[PDB]
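Structural description and commentary
The primary structure of each chain is shown beneath.
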Amino acid sequence: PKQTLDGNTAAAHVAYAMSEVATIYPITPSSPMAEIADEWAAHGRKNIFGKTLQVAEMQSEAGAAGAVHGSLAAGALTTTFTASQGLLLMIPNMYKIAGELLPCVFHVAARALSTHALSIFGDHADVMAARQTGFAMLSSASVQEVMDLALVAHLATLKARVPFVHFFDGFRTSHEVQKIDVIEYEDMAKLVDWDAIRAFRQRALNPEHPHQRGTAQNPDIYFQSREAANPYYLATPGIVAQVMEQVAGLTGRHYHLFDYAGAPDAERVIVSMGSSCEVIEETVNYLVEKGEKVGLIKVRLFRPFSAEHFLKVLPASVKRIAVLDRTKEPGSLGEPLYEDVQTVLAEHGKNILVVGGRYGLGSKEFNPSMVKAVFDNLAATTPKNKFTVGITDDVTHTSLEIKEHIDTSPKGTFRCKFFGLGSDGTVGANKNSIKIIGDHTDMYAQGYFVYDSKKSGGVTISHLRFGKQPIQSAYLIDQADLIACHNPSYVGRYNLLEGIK
Amino acid sequence: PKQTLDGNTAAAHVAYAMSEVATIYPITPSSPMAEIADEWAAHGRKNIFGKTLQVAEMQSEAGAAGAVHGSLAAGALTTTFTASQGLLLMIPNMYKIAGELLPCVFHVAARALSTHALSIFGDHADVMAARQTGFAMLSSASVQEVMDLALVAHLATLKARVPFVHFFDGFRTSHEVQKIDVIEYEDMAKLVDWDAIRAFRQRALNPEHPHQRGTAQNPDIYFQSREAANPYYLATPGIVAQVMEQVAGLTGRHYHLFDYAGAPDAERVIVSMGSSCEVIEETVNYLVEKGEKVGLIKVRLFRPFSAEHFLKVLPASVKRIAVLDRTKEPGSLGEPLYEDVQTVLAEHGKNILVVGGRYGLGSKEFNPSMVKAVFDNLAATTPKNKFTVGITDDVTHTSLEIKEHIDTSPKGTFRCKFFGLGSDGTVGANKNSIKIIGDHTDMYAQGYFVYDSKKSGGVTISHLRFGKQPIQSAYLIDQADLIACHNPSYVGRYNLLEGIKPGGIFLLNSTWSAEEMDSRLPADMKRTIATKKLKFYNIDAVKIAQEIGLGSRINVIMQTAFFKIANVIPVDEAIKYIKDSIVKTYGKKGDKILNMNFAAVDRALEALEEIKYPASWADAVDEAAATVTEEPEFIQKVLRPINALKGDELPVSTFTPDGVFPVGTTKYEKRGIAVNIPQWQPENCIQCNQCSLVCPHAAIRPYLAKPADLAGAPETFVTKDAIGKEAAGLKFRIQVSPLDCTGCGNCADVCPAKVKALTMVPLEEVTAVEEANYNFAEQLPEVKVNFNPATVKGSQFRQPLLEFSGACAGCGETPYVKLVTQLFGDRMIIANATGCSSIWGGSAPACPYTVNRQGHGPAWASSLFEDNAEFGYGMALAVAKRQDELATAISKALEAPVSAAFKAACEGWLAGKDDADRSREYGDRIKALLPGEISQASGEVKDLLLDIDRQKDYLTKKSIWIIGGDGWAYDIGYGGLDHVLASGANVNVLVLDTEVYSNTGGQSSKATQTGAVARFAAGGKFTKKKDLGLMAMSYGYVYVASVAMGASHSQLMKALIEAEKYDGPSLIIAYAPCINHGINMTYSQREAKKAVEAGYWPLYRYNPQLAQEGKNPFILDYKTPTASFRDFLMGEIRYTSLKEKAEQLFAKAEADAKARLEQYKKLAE
Amino acid sequence: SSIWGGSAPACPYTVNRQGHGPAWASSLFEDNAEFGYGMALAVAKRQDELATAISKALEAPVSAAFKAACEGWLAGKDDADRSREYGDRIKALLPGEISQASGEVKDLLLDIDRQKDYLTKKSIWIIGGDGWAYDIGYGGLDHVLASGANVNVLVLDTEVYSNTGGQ
Ligand SMILES: CC(=O)c1sc(CCOP(=O)(O)OP(=O)(O)O)c(C)[n+]1Cc1cnc(C)nc1N
Ligand SMILES: CC(=O)c1sc(CCOP(=O)(O)OP(=O)(O)O)c(C)[n+]1Cc1cnc(C)nc1N
Ligand code: SF4
Ligand code: SF4
Ligand code: SF4
Ligand SMILES: [Mg+2]
Ligand SMILES: [Mg+2]
């Protein structure tokens, strides 16, 4: 059926169905996932095992991670929801969970890490800090993709014995409201490898067939024992590929480990991950229609990185690639995805000029005008490397210049902005209006809400979109068809009519 | 000046000079860094600021990291030392320290991370996990480089404002002893940028010039503000380069961001980091001299990675590069250093074939034969990529083939191996010998020491090298000029003479004469001695030590024998340095002890006899091997080769992919390390079974048998009639396991009979007799007995399910855990915290937890150090879920066409599934009817019964036990333990309180009492012991009890049974005597009795169930102490070493015991 | 308390007429107790550096009124009222004493002047919510309280995680 949900609810919907235990601890913007999971259990929602999910709150995410390990080692399918500083505290236990090959899915609303300052907003800094734990990592770019790929992870982790981190961009996706196709619990159970679940029960700690796990090992056997898990990681890409075909047969939506979009004879291709893929595909449609030979590679399965599946979707006409990372590793030669892309193309002797950039740190805006700038940098005589997009870096001169402002929104899409006052009901009303249009028309509906740091009396700006075509505009509204101001004080104070058509 | 130090001391030497505050927390192998820094402060060593370093120990590495951040933000130069799991907990704070641009240096003894299994040994896994925090990273390849680059890090961090991680290979460098040039503190201060230090003071938080830091930022400014620190990182490489030139001018030793070594026209180059660079340079010298065009790039500054400084040292003739990473990132396209090299060469259009490999994980050996294999792989037509070196990967075929063995050691280097016993003085003597040669000759000296997982009686192998050229051989000795064996039991057990050079020296400690050599030495050993024409020397050091009066200490005796034959220095000069060192070592001892050690040197020189063997020894033939017993595949293929010191030969296909091991494997060890074993006197025995209760290794147990079962018994299996109405008509015997006994002597001390029924007799005299006795007792059939398990005597008739562990002789921890397995081991799951209890409880490949005749026993798992409570808490949730899934399938069976007897047991199980006895009673009833009921069903009814049969392992109620040490419960895991207790879940927490961090050597804890001296507390702990039991009582629904087995057997029985039956959280804090207290382990049980009788340790039980019955929950089980408080303290070395200021601390300890007793009397009123 | 207390670009903490006021810092959620603990050690270290330079001034040729305030401060550096009293006496005599000195005496006085912002005893305050003190930071708060350091922990108990919506 069609419902209007956000990324958090889409993830919790699948996680609730596929899990018996969920140990949680609150952290923005992942706490809504655990909040709605608690309400569902209190109202008696059943999972695919016919029981309600048992939710246990710990004293910290470190305690949550330890509880997950114990619950998994004792024979219960367990998940958790976390982000940012919370994900860091779980990293020590993640090494154990991956090393012991326990099926598991962590759902992460990717959020910036506290460095020079705290930021509750979204980027991939937290997920990248765990890329060496041995967990698999799956990225969803839209609310619909959160629903589908969360199922992909839960099905694949049982088959591969490799735990998964399913992550989506904080706020930009976790709090983005969209009308999506919801997968029924009965349909999931038809795809589950029940043989894998029963095998997972036999490996559990039990006094009637006891075993020892987590021993201490000397140099004589530690190296070999660490390489004994090599077959499990080599087979994980093929398992994810086959699971993605199962979801394809059920939903009609085809995912691959790496997806390509754009001109088949493209010469400039952007490689990206997360919600940026939507903005880039929307821009690619606009540029390809304008005749430019550009393309986009969406990274779905980031770890383990399958070179075979990446090169299969890379056009032979590609001469220049720009890799965008939603993180910053100070002093590093490059960001994680840029180093991976540069490596695989080097291992296969591809004469492709690769350039890396950074974008969207702490939910910095990333709109189609910036995407064209990334493509324009690839078209320059000497493309700037190690760049930034979305800021003006007048100190180190890494920022790309936003030359012109373009409108790539598909024709027929309605766009509204609502300037409201803190807790006056505007946001709640817009949420209800999206549910109204989504339930009663064929139009796709999208809602995103800008909040203020002030707890009382702050300004709220709602961005709503409706159209006959799927809404890939994961960015603030550029040209609004309607602008509503619910507070007369804003007149003469803010540029309300900004960008109005 | 030249001193012999290890990497840890070299690092702490520089860190102490440059820092004002040092917040630390112990973790192997980094804890020696903080230990030596605390001692220097206790003796008043001044830093470059004219003050002593302030050392503060925190509750965890997370707390230490926060303290570093606060100390820096407030204006004090601060450092810390950590590694491995400890570094992981600091990662969140590292982002802040780097983000705020605070000068700082973390010293890391790089150690493996706990994945499928724990490893305390060295690799770069921990450092690589922090490569994105924004810290700089500096690598040291040798002990000398630790000294130099630590200074580079401390100097650069002030100039660049970017904090540094200075890391070196754990053990391979941190514990390698080398003679190095030590930099004087006065010379360092002449290089410090004092202007930079004063600028750091102005940025400090101060109310007279206040500022705000660590704000929360919205998307509008967060991206820009993060990029504002870019110039500081862009300038850091150049700053380190200039700082490296400063150290170069002072020391003459030239470092660069990346260093090159090898042929200038090389075509094959290895890029590496850490101690591997030493092995590679040594191999490169060997290959370049042979004409091969190879080279090596050493990475010093890993982050920030300067492409300019890397390409500057890459010869233009390089065509192929192999990058070696000392880490593993599963599923990644490549390891971190490989990805960096591949990236930078691509950014500059260099057409260079790059290949990456992994090596040395968890201190895996990495020797020159492997280095050539890496170089040979570059010479192949198609070089293998993503490879491994040092293992045989027969599953995924990533390992490189070690074709041939080469000797790249520089000519003139002497090489020695020393096989010793645990704590017999061998390692300490070799350390003294290295200091002697380094201080008195021009030779470089190196020492590396291989230890065992067994805590007592383990094998130690020392690797020493001396030469006229610098020693770059950062690997175990391959071809030894001299081999010494300090334990004759190793003869015929380990391959001692492996790789010994022709004409080398073999030194043996034994009582065997030249004629007995024909019959005592094995044929293969005699063949090697004769064919290689070895100079075989022998000495009876034990006879000498007995005659002199030194007991069995042979460290001085064997050290004298070494210098006499090694010909490393003049023999006359060596004798002087030994006696001079004896005064330094035994100067504080009595005058009688001094002359005894002098006589050891004199008598040893005349007693060392060379064995002139016949040339016919080369033709000796092995004796016919006996018919080998059919052992399990795991024992045959895994445990035996590992214990035979051949674990490195086991291929990848040997091990499970998830680090899961079988149980009950320590019964196959039979080490037989005891000097004395108890002999049972049947006529004095009252059949009390207390000896089986107190045995720290379960080597002594009572055996019952019907008189008919004693048919084929040997004549020495003397028995007595069984006392008690339950054992009427049965025979009784107290039998000891000779090969598993440790000789601790606790059982002889606890025997309360009028005449002692246990006397310690030497093993060799009774070994043949007692072996046949134990082998017969083990084959006795099971005996059903109705003794009450709630008594001491009745409980010991149940089979112990924790046996033959690696704990020390007389350990105070294992008797507690052994008792739990005898009461509830049939149905318990153990979540064990990292520590001693996890080392003797779970060191691969031996598992001390075993099963009974039915095959049931405790399932054991260890997660991490800080998460043990939540680890067991999650297990309880899952077990409850697994029982819930079974109860649903059983309730559906009630509506199914099944037997009426089946329904009766199912309804009975559903009503009592939460009771231990009732669930086992009705659960076993269901198990008996299951096979027949399935046979009588078909279709859907059979499927419903088959699902119940699939879950029959959850019928019996489980008992979750959370076992851990005092360091876990009082410090790092207290926040998690507090949460698990407050939840109210049916869990049982057992705190083995040793009042120290016992495994890591005995460091200070919150469980340490006032005035006790331990590591990190050289001057004694001022603050009193934290009362963990009192805080758990504040909830009111948490069962808390303080027990001590040595004090009261009946009090321990009552608290354990009450704690397990309580449907809620239970906390058992047990006093466990340990060797770190400095006491005779023979009287370990007696020491616990004196502790409670003197008011030092309280005995109480807080029962929440008594509150529901209207009674007082607090019961004080020992109200009036009868012994003297100060007299108990003087019986343990951990308090006498403080004596001065000691009398001030002793008065506080006695006053707190009276106030604690008076506080318990008010609660009991 | 960190959101209304430290959200850029607005700072609610201000200074008095003399320009002095609270310095505010936030590290992480779990480390706040140990964070302030490290600050206490550093300030103690900074006061020792100033007190050492003052002890050298006792042996230096300076005015008797300058020595009188220094002896009084050294006796009362650990009292809030006494350290501010004699500290301001040192501040008033510092500019004139530097004018009357030369050579090494001037450098010794300039070292006192460089550290005059540590004459007044500081008051370390550890501020946090109930979630920090009761949950994630309790293990660290337990340790800092057990150390005995002169720190002031203020637990603003709202009985919930107020900022994140009331958990
Ligand atoms: C094994 C290891 O790496 C140990 S054992 C131990 C303390 C054990 O003391 P405890 O009192 O808790 O138990 P006990 O040994 O019986 O006395 C530490 C700190 N470590 C190092 C360490 C540090 N920090 C973390 C997170 N994990 C580990 N393993
Ligand atoms: C801001 C943020 O991300 C907050 S504020 C907060 C609890 C605040 O409750 P408290 O009672 O301690 O104080 P109060 O707000 O005044 O009620 C949490 C859990 N978080 C998420 C979180 C989770 N885990 C970690 C390590 N850090 C953070 N910041
Ligand atoms: S001497 Fe010690 S190890 Fe041996 S049986 Fe007695 S208590 Fe056990
Ligand atoms: S302690 Fe002594 S009396 Fe008691 S069972 Fe053992 S040998 Fe017999
Ligand atoms: S607790 Fe003490 S006696 Fe027991 S094994 Fe550890 S170090 Fe040895
Ligand atoms: Mg301990
Ligand atoms: Mg609160």
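Analysis parameters
Residues numbered from 1 in each chain as written, not as in the entry; some residues may be left out. Chains lettered and ligands numbered in written order. Part of a larger assembly, values for the part shown. Heavy atoms only, no water. Residues with missing side-chain atoms left out of burial classes, pairs and counts. Helix = DSSP H or I, 4+ residues; strand = E, 2+ residues; numbered from the N terminus. Rg over C-alpha atoms; globule rule 2.2 N^0.38 Å. Contact = heavy atoms within 4.5 Å. Domains from an automatic or database assignment. Buried area = accessible area lost by both parts, 1.4 Å probe. Salt bridge = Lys/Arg side-chain N within 4 Å of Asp/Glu carboxyl O. Polar contact = N/O pair within 3.5 Å; in protein donor to acceptor, adjacent residues only side chain to side chain. Pairing = 2+ DSSP bridges. Axes fitted to C-alpha atoms, helices over the stretch in contact; angles between N-to-C directions. Donors = N, O, S within 2.8 Å, 3.2 Å for Na, K, Ca; no water. Buried < 20%, exposed > 50% of the residue type's maximum accessible area, 1.4 Å probe, protein only. UniProt positions renumbered as here; feature names shortened; annotations may be inferred. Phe/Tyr/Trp six-rings, centres within 6.5 Å; stacked < 30°, edge-to-face > 60°. Right-handed = clockwise from strand over helix to strand, strands pointing away. Nonpolar A, V, L, I, M, F, W, Y, C, P; charged D, E, K, R; others polar. Patch = residues over 30% accessible without salt bridge, like charges linked within 9 Å, V, L, I, M, F, W, Y side chains within 5 Å. Areas by Shrake-Rupley, 256 points an atom, 1.4 Å probe, with all protein chains shown as cover. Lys, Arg positive; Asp, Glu negative; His and termini not counted. Charge placed at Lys NZ, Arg CZ, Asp CG, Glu CD.

In this section: the overall build of chain A. Scanning chain A from N- to C-terminus turns up 15 helices and 20 strands. Relative to the 2.2 N^0.38 estimate, which gives 23 Å for 501 residues, the radius of gyration of chain A is 23 Å and therefore close to what a compact globule would have. With the principal axes as the frame, chain A shows a C-alpha extent of 75 × 55 × 45 Å. Summarising the internal contacts of chain A: among those between residues at least 6 apart in sequence, 79% fall at separations of at least 24.

The next point concerns the domain arrangement of chain A. All names here are of chain A. Parsing chain A into structural domains produces domain 1 (1-255) and domain 2 (256-413). The straight-line distance from the C-alpha centre of domain 1 to that of domain 2 is 28 Å. Taken together, the contacts link 33 residues of domain 1 with 27 residues of domain 2. Both faces combined, the contact of domain 1 with domain 2 buries some 2,300 Å², and carbon together with sulfur accounts for 60% of it. Close ionic contact of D169 with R326 constitutes a salt bridge, the shortest N to O distance being 3.3 Å. Our count for the contact surface shared by domain 1 and domain 2 stands at 12 residue pairs in polar contact. Elements supplying a minimum of two residues to the side of domain 1 that touches domain 2: α5 (125-128), β6 (136-139), β7 (164-169) and α10 (230-251). In terms of residue count, α10 provides more of the side of domain 1 that touches domain 2 than any other element does, six residues in total.

So, about the interface of chain B and chain A. Across the contact, 139 residues belong to chain B and 111 residues belong to chain A. Buried surface at the junction of chain B and chain A, both sides included, amounts to about 10,900 Å², of which 59% is carbon and sulfur. The three residues of chain B that bury the most area against chain A are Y222(B), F223(B) and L333(B), which together make up 7% of that side's buried surface. Summed over the shared surface of chain B and chain A, the result is 11 salt bridges. Between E885(B) and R201(A) there is a salt bridge, with its nearest N and O atoms 3.6 Å apart. At the surface where chain B touches chain A, the tally comes to 58 residue pairs in polar contact. If one sorts the elements of the side of chain B that touches chain A by residue count, helix α29 (residues 868-894) of chain B sits on top with 13 residues.

Turning our eyes to something else, we now look at the sheet that holds strand β14 (residues 320-325) of chain A. Residue and element names in this part refer to chain A. Here six strands make up an open sheet; going across it, the order is β10-β12-β11-β14-β15-β16 and the pairing mixed. Edge strands, defined here as strands with exactly one partner in the open sheet, are β10 (258-262) and β16 (387-389). Recorded for the sheet is a direction-independent mean angle of 25° between the axes of neighbouring strands. Together, β10, β11 (268-273), β12 (294-299), β14 and β15 (353-359) form the strand contacts of helix α11 (residues 276-289), whose direction differs from that of β12 by roughly 160°.

Looking now at the coordination of the magnesium ion (ligand 7). Residues and elements named next belong to chain C. The magnesium ion (ligand 7) binds to the protein through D130 (OD), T158 (OG1) and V160 (O); the donor distances cover 2.0 to 2.2 Å. When the donors of the magnesium ion (ligand 7) are listed by position in the chain, the intervening gaps give D-x27-T-x1-V. Overall, the relative accessible area of 32% leaves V160 in the partly exposed class.

With that out of the way, let us pick up the UniProt feature "binding site: [4Fe-4S] cluster 2" in chain B. Residues and elements named next belong to chain B. The positions UniProt marks with the feature "binding site: [4Fe-4S] cluster 2" are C695, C741, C744 and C747. Spanning 53 residues, the named residues form one tight spatial group whose C-alpha atoms are at most 10.7 Å apart. Within the secondary structure layout, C744 lies in the loop between β28 (731-736) and α24 (746-750). For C744, the residues in contact, after removing those within four places along its chain, are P696, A809, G810, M1081 and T1082.

Moving on, we get to the packing of aromatic side chains. Under the criterion given, the structure shown has 41 aromatic pairs over all chains. On the numbers, 5.8 Å between centres and 80° between planes, the contact of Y16(A) with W40(A) is edge-to-face. Of this pair, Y16(A) sits in helix α1 (residues 7-18) while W40(A) sits in helix α2 (residues 31-42), and the two are 24 residues apart along the sequence. By relative accessible area, which is 1% here, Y16(A) ends up buried. Note on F258(B) and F310(B): the rings are 5.1 Å apart at their centroids and 80° apart in plane angle, and the pair reads as edge-to-face. On the criterion of sequence distance, the pair formed by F258(B) in strand β10 (residues 258-262) and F310(B) in helix α12 (residues 307-311) is long-range, its members being 52 residues apart.

Residues and elements named next belong to chain A. The buried count for strand β4 (residues 78-82) comes to five of five residues, which makes it a mostly enclosed element. Of the two faces of β4, both are covered, the one formed by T78, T80 and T82 as well as the one formed by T79 and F81. Two elements, β4 and strand β5 (residues 105-110), share four bridges in a ladder whose sense is parallel. Paired with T80 across the bridge in β5 is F106. Handedness of the β-α-β unit built from β4, helix α4 (residues 85-99) and β5 comes out right-handed.

Before going further, it helps to examine the pairing of β15(A). Residues and elements named next belong to chain A. Of all seven residues making up β15, six are buried, and the element is well covered by its neighbours. Across six bridges, the pairing between β14 and β15 is parallel. Bridge pairing links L324 to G357 in β15. Note on the crossover from β14 through helix α13 (residues 336-347) to β15: the handedness is right-handed. Relative to β16, β15 runs parallel, the two being bridged by three bridges. Paired with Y359 across the two strands is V389, which belongs to β16.

Contact with chain C, which involves 47 residues of that partner, is made by 47 residues of chain B. The junction of chain C with chain B conceals about 3,700 Å² of combined surface from both sides, 56% of it contributed by carbon and sulfur atoms. Seen at the junction of chain C and chain B, the total is three salt bridges. Across the pair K91(C) and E208(B) runs a salt bridge, and its minimum N-O distance is 3.1 Å. Where chain C meets chain B, there are 24 residue pairs in polar contact. Considering each element in turn, the side of chain C that touches chain B owes the most residues, 13 residues, to helix α1 (residues 32-58) of chain C. Counted by class, the side of chain C that touches chain B contains 19 nonpolar, 15 polar and 13 charged residues. When strand β9 (residues 212-213) of chain B meets strand β1 (residues 24-25) of chain C, the two strands line up parallel, connected through two bridges.

Right, let's talk about a negative patch on the surface for a bit. Residue and element names in this part refer to chain A. Residues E35, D38, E39 and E57 make up a contiguous surface patch of negative charge. Among the elements that make up the negative patch, the one with the highest residue count is α2 (three residues). Topologically, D38 is positioned in helix α2.

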